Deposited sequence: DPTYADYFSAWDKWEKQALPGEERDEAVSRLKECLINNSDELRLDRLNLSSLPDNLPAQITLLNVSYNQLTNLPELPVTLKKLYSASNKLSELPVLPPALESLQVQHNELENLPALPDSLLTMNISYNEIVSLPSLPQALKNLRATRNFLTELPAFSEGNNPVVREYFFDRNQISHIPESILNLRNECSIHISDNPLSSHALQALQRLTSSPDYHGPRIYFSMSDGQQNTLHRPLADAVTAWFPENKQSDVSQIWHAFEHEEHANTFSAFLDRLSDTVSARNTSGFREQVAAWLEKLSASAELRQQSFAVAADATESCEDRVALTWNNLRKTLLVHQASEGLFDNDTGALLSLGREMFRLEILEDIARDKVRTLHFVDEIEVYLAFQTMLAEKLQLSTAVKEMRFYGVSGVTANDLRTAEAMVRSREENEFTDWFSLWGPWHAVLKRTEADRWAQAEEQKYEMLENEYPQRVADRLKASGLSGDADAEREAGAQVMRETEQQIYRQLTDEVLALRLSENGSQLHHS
């Protein structure tokens, strides 16, 4: 809270530090004139200023410093209602006064925004390098963000009364439309052309907005948006893997390669070295023409070849707890498949991974990265359903599990061989019960081996370590 003389002398010193090519002298006269009166407005635009003084008149409600060479703004007056600072070289904004209604800082070098007050009605942040936004106030009816580095459309809320709202997010890096935009009324307009959007969300946007019986928001968009495919985004072994490219099932088994990116390379890692892995990965990973049930399969095909070696010979305790995780994952996939029915702009794999990471803590899914439309209720129900199906189905499931059948195939025979030798049921009772209720209405070939392998898993090989 400076005194008149402090303002004057601070501005006089600030003037003598003028870089040539700027009108600091004129700004001081406008600053003094602003102080001398009760003036709510201060305009220092188009003077090519290289900086503002530290202390600006504390009572002003409008500040225009557009078209200068500013890299920084000082602490803005708390009574500020409208801040025009377009066409500068700003790297950061200060904290915004709480009563701000308008913010024009387009054509700067901004990477981030401070907290937007609740009073903000209009905002122009276009032609910056912003990567993501804070939560936007509801009073915000006009927002222009053209040509930034945004990755995500913000989830709007339908205000209780309908007012015209316009959002320009064109020429960004947005890749995912949130399901929330269909809540909004027709009085709101969204511009998302020139964004790297999926062709799925494109075709969804096409289908819904190109229907009669559509009362949502006006969304403006443009649908205009073999072997050297695998090692690209993980560099060197593109030639090493080409030796394997001259083989079977590589056109739909490699082109279909659409945190996670880190160890998709560490799953690339041993399929790289050993030919045993994807002599059989491409087995059912190319004839499935849902990609989370497959992604789980190649997890399994990975895990059977390890169990083929014998990592779980005496350590079946850690094999069992891993099947507990992988069972809850394959329940989560069915949760995911159930939800994508109701979502338009995402497919199962994305929803699956949303469930996996948002629940990795609560359900102890170690094999998950610690990073959409998934609410808080479908997280609660997802846990309630996996926990109950776990209680009812895990042991039957683990007895049929692949990795464990492998460690029995390697470690500890007898029972394993005996189990296979009890194939009497597959011919002494398999023809009568074959359609014994298919006409009273291979399903029992899965029901019979369940019985024996669970029976094998009655007098288990796990009661030798414990």
- Query: Since the structure holds only modelled residues, which stretches of the deposited sequence does it leave out?
  - Reply: 226-235, 245-250, 275-284, 316-320, 403-408, 479-492, 518-526
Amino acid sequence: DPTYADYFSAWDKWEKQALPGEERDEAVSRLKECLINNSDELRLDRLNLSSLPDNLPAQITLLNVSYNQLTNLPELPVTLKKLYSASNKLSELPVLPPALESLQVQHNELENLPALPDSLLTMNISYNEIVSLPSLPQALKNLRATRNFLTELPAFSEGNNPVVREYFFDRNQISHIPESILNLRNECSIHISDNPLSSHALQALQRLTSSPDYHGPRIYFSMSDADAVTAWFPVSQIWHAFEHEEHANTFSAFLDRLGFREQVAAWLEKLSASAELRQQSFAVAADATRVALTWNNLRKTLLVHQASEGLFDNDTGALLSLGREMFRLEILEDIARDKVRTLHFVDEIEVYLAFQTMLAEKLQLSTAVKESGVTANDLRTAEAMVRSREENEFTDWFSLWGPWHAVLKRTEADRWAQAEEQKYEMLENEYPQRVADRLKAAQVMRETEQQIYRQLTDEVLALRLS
From here on, numbers count along this sequence of modelled residues.
- Message: Comparing average C-alpha B factors as deposited, tell me which of 290-298 and 85-93 sits higher.
- Response: 290-298
- Once average C-alpha B-factors are taken from the entry for 142-150 and 307-315, the winner is 307-315
- Task: Using the entry's values, work out which of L271, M385, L73, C188 has the largest Cα B factor.
- Result: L271
- Message: Per the entry's Cα B factor values, which of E361, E129, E245, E179 stands out as the maximum?
- Response: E245
- On the chain's distribution of Cα B-factors, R337 falls within the third called lowest
- Message: Looking at the temperature factor on the CA atom of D227, which third of the chain's modelled residues does it land in?
- Response: highest
- Relative to the other modelled residues of the same chain, rank the CA B-factor of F254 and answer lowest, middle or highest third. highest
- Taking the values exactly as deposited, rank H215 by C-alpha B-factor within its chain and report the matching third: lowest, middle or highest. middle
- Task: Name the third of the chain's ranked CA B-factors that contains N37, choosing lowest, middle or highest.
- Result: middle
